[PDB]
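Chemist: Protein chains in written order, with the working numbering: chain B, 58 to 152; chain D, 154 to 313; chain C, 14 to 105; chain H, 114 to 299.
Every residue gets a Cβ at the ideal spot worked out from N, C-alpha and C, and that includes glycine.
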RNA sequence: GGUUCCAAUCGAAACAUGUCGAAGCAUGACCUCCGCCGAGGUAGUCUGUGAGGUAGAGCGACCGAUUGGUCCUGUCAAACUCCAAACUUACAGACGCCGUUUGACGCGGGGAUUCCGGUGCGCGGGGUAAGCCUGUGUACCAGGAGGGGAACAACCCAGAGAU
RNA sequence: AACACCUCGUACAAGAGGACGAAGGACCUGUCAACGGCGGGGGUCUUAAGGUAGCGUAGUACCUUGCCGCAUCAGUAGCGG
RNA sequence: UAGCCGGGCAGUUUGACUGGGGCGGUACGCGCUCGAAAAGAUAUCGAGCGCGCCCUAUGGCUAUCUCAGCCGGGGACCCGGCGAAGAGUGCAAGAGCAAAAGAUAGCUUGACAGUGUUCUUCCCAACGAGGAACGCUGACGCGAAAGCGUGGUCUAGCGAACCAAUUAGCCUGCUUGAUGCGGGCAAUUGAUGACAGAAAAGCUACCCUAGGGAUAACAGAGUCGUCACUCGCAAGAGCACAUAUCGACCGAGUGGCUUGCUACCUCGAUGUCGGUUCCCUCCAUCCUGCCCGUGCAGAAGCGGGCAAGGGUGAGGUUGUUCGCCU
RNA sequence: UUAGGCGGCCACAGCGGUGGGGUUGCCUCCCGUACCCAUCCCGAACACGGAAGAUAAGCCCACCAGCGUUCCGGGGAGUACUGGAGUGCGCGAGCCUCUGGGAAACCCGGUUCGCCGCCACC
Ligand SMILES: [Cl-]
Ligand SMILES: [Cl-]
Ligand SMILES: [Cl-]
Ligand SMILES: [Cl-]
Ligand SMILES: [K+]
Ligand SMILES: [Mg+2]
Ligand SMILES: [Mg+2]
Ligand SMILES: [Mg+2]
Ligand SMILES: [Mg+2]
Ligand SMILES: [Mg+2]
Ligand SMILES: [Mg+2]
Ligand SMILES: [Mg+2]
Ligand SMILES: [Mg+2]
Ligand SMILES: [Mg+2]
Ligand SMILES: [Mg+2]
Ligand SMILES: [Mg+2]
Ligand SMILES: [Mg+2]
Ligand SMILES: [Mg+2]
Ligand SMILES: [Mg+2]
Ligand SMILES: [Mg+2]
Ligand SMILES: [Mg+2]
Ligand SMILES: [Mg+2]
Ligand SMILES: [Mg+2]
Ligand SMILES: [Mg+2]
Ligand SMILES: [Mg+2]
Ligand SMILES: [Mg+2]
Ligand SMILES: [Mg+2]
Ligand SMILES: [Mg+2]
Ligand code: NA
Ligand code: NA
Ligand code: NA
Ligand code: NA
Ligand code: NA
Ligand code: NA
Ligand code: NA
Ligand code: NA
Ligand code: NA
Ligand code: NA
Ligand code: NA
Ligand code: NA
Ligand code: NA
Ligand code: NA
Ligand code: NA
Ligand code: NA
Ligand code: NA
Ligand code: NA
Ligand code: NA
Ligand code: NA
């Protein structure tokens, strides 16, 4: 990498496909999750806030409470545990 | 310089003119020869020159072989004979040269070349059954001035 | 950049929003009686004098803002974090 | 439309029926909405909650089935509106609903409007709704006073289909009292 | 440059962050030893729920290149994409293997060595090239005998207590 | 600049400021048989001036075995211009 | 005792990176695309290019509204139509945004104080400053209200300890009280760009030591762009005639004499260039033997084939190799 | 849903087009400014009050595939590319066999002129 900012090499994963352009449906942004629940992490290009670090895109954590409207989701990066703050706009129920 | 320096495809595609400046002009005078106003389907016979190996051909070679083939068709059919040949390739790959030692070695722009996969037709001529032996000879001279071995192939022509 | 000489904002002293006046922190004179002033005299003699032989550093291309926010009613001042600015001029 | 790369708006956006930016902000409260909608002739009030496959309406009222309790006058006016809100508000209290947030759709927040009248009614019915008193029309205009004074400038009878001549804000009062009773069919 | 007896168990790193640092150190990674915890673990495969735009392809799908003729006709892309793999990867179940006297997974502490690497294969970037320079994944040499290859660190077979 | 003196400060002192002002410096002048300099452009510019007698391919000239002549069968040498 | 001058003398410093070192440059702190091999991570003096600010509005909320561009009617203005985004949004690049994140208008100062959770900085996996997301307490702005405002749509715009100045309150100074003047808890501002922070110029051929083939000159070795020689095609000219002879372009090669590249071998030493003497060899043949063609009358040539038995000498300038001259 | 309101998926729903339907019912157009409210100028819009008229717009219903989109058949194609293995071939750039996966363009033919949830209503 020529630089080391968070948006490095994120051209593909943080860009909307043309037909999905524009504002997203409020339904998933207001969704409610319970503790112990398994969720998939994926940033919505259209939603600016409630984002996590792009490296974590593609993970599958476990909801373990919340901090404000946002959620606290547990994950394991490589072999190290980490707790990620993220909104429902960037989350999906597993299974 | 020798073609040995650029004949193989051993580098990424370097064709983006938006990041490359000072690219030399092509030596290829014309791509559509003979009677460009007439149609390709207006001829009984159609022979193409097929490249046998996957290679890179510099604009210098394209001009030399195109020249020495059409020059024959003009000599045997006339400056306005009944035929039409086609050089169906354009030189897109830009070439460098490290012309200090290996320090800051990225080369400067020295030329252009067309990439041709084995099995592709470089040239394609269209003529009547009479002139069929002239087009073959014109192609014989043409494959003498480019790197790979070539197959002179007559596509629509069962008048052999 | 421009900045209003007076405006409304939180006064940490009254604990309620009030009009504050903005001024540029002037340098207070040195009494020359602090501990550092005494060590200079004590430790300086024949030859090199360590730290007391060094001279003034340098300059950054742009300095941050050095301001004093004064409350219009209780009259007390508070400081804030500064921001790099090539020039600052108050309005009115 | 034009090609593959083309963007077609969400259906309710093409239909000019849903303000999605306002809808989201509305949903953030976590409370059920009080859907205040009007028509040229009528008024409507729904209590909507969120659901897996689409909104769930828990209670509602229409200015048409208002007469079912005593109405005999027009339904596209102020008195009509308030009463429809109170009605809907009461059916809501009956379903176990306690609070709501006013959703006025693509209408304008003009002071003293019908959506606000609808809102006042539901508040009077016993629902906890975020409001602002000094935006609701004055009590008299809700009753239908402004309309009585209009026909006061008679010359040519206001109401075609006879309900009366000078009209009756009193009928409004009779209706309010009829609904405030606890027995009433809801 | 040198540092003197025998044997048994385990067995590296030639890399990352900071350094007047690059012939050196510290902190991690990795090797080893001790104590603690007490039931799961996941090197392989299958399936389910997710992540992705490289190969290839195509471009009247954007974008920028690139032909000729009186719609048709000729061509491209590391810093293009209407498309799109193999494959890599998160979580979970199932089978396999493994652990509950060989205590796994994990936690805490003592001790290091190490931070000149090299080669084959796959994918690379630079360079006319190189027994070149610089990445990456993997196995090997280094520290790997014995059989084969005329000889021969890394190519083939093969990992080896004695008889 | 320091001492002395004056103001403020301190029951005193530390300290702050002031008045006066030596050599030195700014400023001006003299000096190159003092260090050194003597160009580019055009028919002035840098930075003061812009190479005079002489000598010159030099033990100093890259181009260079410069060109002409002497001398030799032939002279990157040598001497003369 | 104070100010000026002061290499006469003393002690020291004068960085690192780097296809050896110096010169050049900064890949020495940061952001984006590509390189990067469709998770994450990834080098080179790798390709394209940026940041060390600017803004009191170019910040914030609300209301009202929809832009480029093209068409039609009266490249300023007015009316209508087409027009999902090509406009605009401070500045690189990539990404976001249309009843808005854009435009206009009006209002407002949340660019607010206090204290945290988390991620990043530093993938995995320890490490500061800095940064971001998301909360809580306090006080406010706007809106009918949900709600939005912890600066600018997102990723660059940054700085330790010591010391000083500054902000508000409080602790403290040797038996004790009063005064003066000090020491401290929290925090803001002042620079170290060699950017996880020393206060810092050169020469040595008079030289010296420790080491290194971890690294250059010379020789060897790899390569062969350069150099030497060859071949294919044969445009062309040669009074006509391509091929007696000369022979462009383009294409394919062989050698290892030149040159360049690389850094494998040697720095506890493989003695330099040129010359000389004396020995062996190669053929891409200068002569000599034997041949073929000719633009071969002859004679003298010119070009080509086989062929390494023998021969290939003397002198003038210059150290010259080379080369010029008799 | 014999015309309604709030939605989920967010073009299978877009673009364009044909036919049909409403007396005190519904939705509209519609009619009109004393009031609440409104236009940097206009009751155009926003807002309020109301039914003389209309089904021509919108809307709801049935339907057409020319463009765009979704999926599917056959063909392209087990082609291009590719994960594991080889004392297989080639001077070499490179190719081939075995094993496990597997495309895009394009042509032809079907499909698609939205589906689903809640509430109210002849
Ligand atoms: Cl995060
Ligand atoms: Cl300031
Ligand atoms: Cl409505
Ligand atoms: Cl083993
Ligand atoms: K040596
Ligand atoms: Mg990519
Ligand atoms: Mg001293
Ligand atoms: Mg031992
Ligand atoms: Mg033993
Ligand atoms: Mg490709
Ligand atoms: Mg990968
Ligand atoms: Mg070793
Ligand atoms: Mg002379
Ligand atoms: Mg000295
Ligand atoms: Mg010393
Ligand atoms: Mg160095
Ligand atoms: Mg990646
Ligand atoms: Mg922001
Ligand atoms: Mg210091
Ligand atoms: Mg200060
Ligand atoms: Mg540093
Ligand atoms: Mg750093
Ligand atoms: Mg020595
Ligand atoms: Mg070496
Ligand atoms: Mg010897
Ligand atoms: Mg021979
Ligand atoms: Mg011999
Ligand atoms: Mg009709
Ligand atoms: Na969207
Ligand atoms: Na250099
Ligand atoms: Na050839
Ligand atoms: Na002392
Ligand atoms: Na290393
Ligand atoms: Na180091
Ligand atoms: Na060292
Ligand atoms: Na490939
Ligand atoms: Na091994
Ligand atoms: Na052997
Ligand atoms: Na230094
Ligand atoms: Na931090
Ligand atoms: Na060499
Ligand atoms: Na060679
Ligand atoms: Na030796
Ligand atoms: Na010699
Ligand atoms: Na011979
Ligand atoms: Na000589
Ligand atoms: Na105005
Ligand atoms: Na309609």
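Between which two residues does the beta strand (DSSP E) holding residue 137 (chain B) run?
Modeler: Unbroken beta strand (DSSP E) run through residue 137 (chain B): 137-143.
Chemist: Run through chain B and tell me which residues come within less than 8 Å of residue 141 (chain H), C-beta to C-beta.
Modeler: Result: 87, 126.
Chemist: Please list the terminal residues of the continuous beta strand (DSSP E) segment that includes residue 150 (chain B).
Modeler: Note, residue 150 (chain B): beta strand (DSSP E), 148-150.
Chemist: Please confirm whether any heavy atom of ligand 31 lies closer than 8 Å to the CB of residue 300 (chain D).
Modeler: Checking every heavy atom of ligand 31 against the Cβ of residue 300 (chain D), one is found closer than 8 Å.
Chemist: Can you list, in chain order, the residues of its chain whose CB lies under 6 Å from that of residue 288 (chain H), leaving out five sequence neighbours each side?
Modeler: So the qualifying residues of the chain are 183, 196.
Chemist: Can you give me the C-alpha to C-alpha distance between residue 89 (chain B) and residue 145 (chain B), rounded to a whole angstrom?
Modeler: Cα to Cα, the separation comes out at about 8 Å.
Chemist: Do you know offhand how far residue 147 (chain H)'s Cα is from residue 117 (chain B)'s?
Modeler: If you take the alpha carbons of residue 147 (chain H) and residue 117 (chain B), they lie about 37 Å apart.
Chemist: If you follow the beta strand (DSSP E) that residue 76 (chain C) is in, where does it begin and where does it stop?
Modeler: That residue, residue 76 (chain C), is in no beta strand (DSSP E); it is neither H nor E in DSSP.
Chemist: Say yes only if the C-beta of residue 135 (chain B) is nearer than 8 Å to one or more non-hydrogen atoms of ligand 17, and no if none qualify.
Modeler: No; taking the cut-off as 8 Å, the Cβ of residue 135 (chain B) has no heavy atom of ligand 17 nearer than that.
Chemist: Flag residue 78 (chain B) as yes if its beta-carbon sits less than 9 Å from any beta-carbon of chain H, otherwise no.
Modeler: True, the Cβ-Cβ gap to chain H drops below 9 Å.
Chemist: For residue 250 (chain D) and residue 204 (chain D), which I take to be in contact (beta-carbon distance under 8 Å), what is that distance rounded to the nearest angstrom?
Modeler: 25 Å between Cβ atoms; not a contact.
Chemist: Over the uninterrupted alpha helix (DSSP H) stretch that includes residue 43 (chain C), give me the two end residues.
Modeler: Segment: none, residue 43 (chain C) is in no alpha helix (DSSP H) and carries neither H nor E.
Chemist: Within the same chain, show all residues whose beta-carbon is closer than 6 Å to that of residue 140 (chain H), passing over the 5 residues directly before and after it, in chain order.
Modeler: Correct list: empty, nothing qualifies.
Chemist: Flag residue 115 (chain B) as yes when its Cβ comes closer than 8 Å to any non-hydrogen atom of ligand 17, and as no otherwise.
Modeler: Not under cutoff, so the answer is no.
Chemist: Return the first residue and the last residue of the alpha helix (DSSP H) that residue 236 (chain D) is part of.
Modeler: Note, residue 236 (chain D): premise wrong, no alpha helix (DSSP H); beta strand (DSSP E) at 236-240.
Chemist: Please list the partners that residue 83 (chain B) has in chain H, where partner means a Cβ-to-Cβ separation under 8 Å.
Modeler: Within 8 Å Cβ-Cβ: 133, 136, 137, 140.
Chemist: Could you check whether the Cβ of residue 5 (chain C) sits closer than 8 Å to any heavy atom belonging to ligand 20?
Modeler: This structure gives no information on residue 5 (chain C), because the portion of chain C shown stretches from 14 to 105.
Chemist: Run through the DSSP bridge pairs and tell me what residue 33 (chain C) is partnered with.
Modeler: Partner(s): C:20, C:84.
Chemist: Residues of the stretch 62-77 of chain B with a CB closer than 8 Å to any CB of chain H: list them in chain order, please.
Modeler: Going along the stretch 62-77 of chain B in chain order, one finds 75, 76 with a Cβ nearer than 8 Å to chain H.
Chemist: Nearest to residue 307 (chain D) by CA position, among D:289, D:256, D:228, D:243, is which residue?
Modeler: Nearest C-alpha to residue 307 (chain D): D:289.
Chemist: Residue 313 (chain D) to residue 73 (chain B), Cα distance in whole Å?
Modeler: Distance between the alpha carbons of residue 313 (chain D) and residue 73 (chain B) is about 59 Å.
Chemist: Touching or not, the stretch 19-30 of chain C and the stretch 85-101 of chain C, by the rule of three or more beta carbon pairs under 8 Å?
Modeler: Contact between the stretch 19-30 of chain C and the stretch 85-101 of chain C is present, because at least three Cβ pairs lie under 8 Å.
Chemist: Residues in the same chain with beta-carbon distance under 8 Å from residue 189 (chain D), minus the five sequence neighbours each way, listed in chain order, please.
Modeler: Answer for residue 189 (chain D): 237, listed in chain order.
Chemist: Taking three-plus beta-carbon pairs below 8 Å as touching, is the stretch 231-243 of chain H in contact with the stretch 200-207 of chain H?
Modeler: Contact holds: three or more Cβ-Cβ distances are below 8 Å.
Chemist: Look at the alpha carbon of residue 263 (chain H) and the alpha carbon of residue 286 (chain H), and state the distance between them as a whole number of angstroms.
Modeler: Those two C-alpha atoms are separated by around 19 Å.
Chemist: Mind checking whether the beta-carbon of residue 90 (chain B) lies closer than 8 Å to any heavy atom of ligand 1?
Modeler: Not under cutoff, so the answer is no.
Chemist: Smallest Cα separation from residue 34 (chain C): which of C:62, C:17, C:99?
Modeler: Comparing Cα positions, the closest option is C:17.
Chemist: Give a yes or no on whether the minimum CB-CB distance between residue 123 (chain H) and chain B is below 9 Å.
Modeler: With 9 Å as the cut-off, residue 123 (chain H) counts as an interface residue toward chain B.
Chemist: Along the chain, where does the alpha helix (DSSP H) that runs through residue 291 (chain D) open and close?
Modeler: Looking at the DSSP string, the run of the alpha helix (DSSP H) that includes residue 291 (chain D) is 285-295.
Chemist: Among B:76, B:138, B:134, which has the Cα closest to the Cα of residue 113 (chain B)?
Modeler: Considering only alpha carbons, the answer is B:134.
Chemist: Output, in sequence order along the chain, the residues in the stretch 148-159 of chain H whose CB is closer than 9 Å to any CB in chain B.
Modeler: Result list empty, no residue passes.
Chemist: By how many angstroms is the C-alpha of residue 281 (chain D) removed from the C-alpha of residue 230 (chain D)?
Modeler: Roughly 11 Å between the two C-alpha positions.
Chemist: In the DSSP assignment, the alpha helix (DSSP H) including residue 308 (chain D) goes from what residue to what residue?
Modeler: Here residue 308 (chain D) belongs to no alpha helix (DSSP H), and DSSP marks it neither H nor E.
Chemist: Quick check on DSSP: helix, strand or coil for residue 193 (chain D)?
Modeler: Of the three classes helix, strand and coil, the one that applies to residue 193 (chain D) here is helix, per DSSP.
Chemist: With a 10 Å radius around its C-beta and 16 neighbouring C-beta atoms as the bar for buried, classify residue 216 (chain H) as buried or exposed.
Modeler: Flag for residue 216 (chain H) reads buried.
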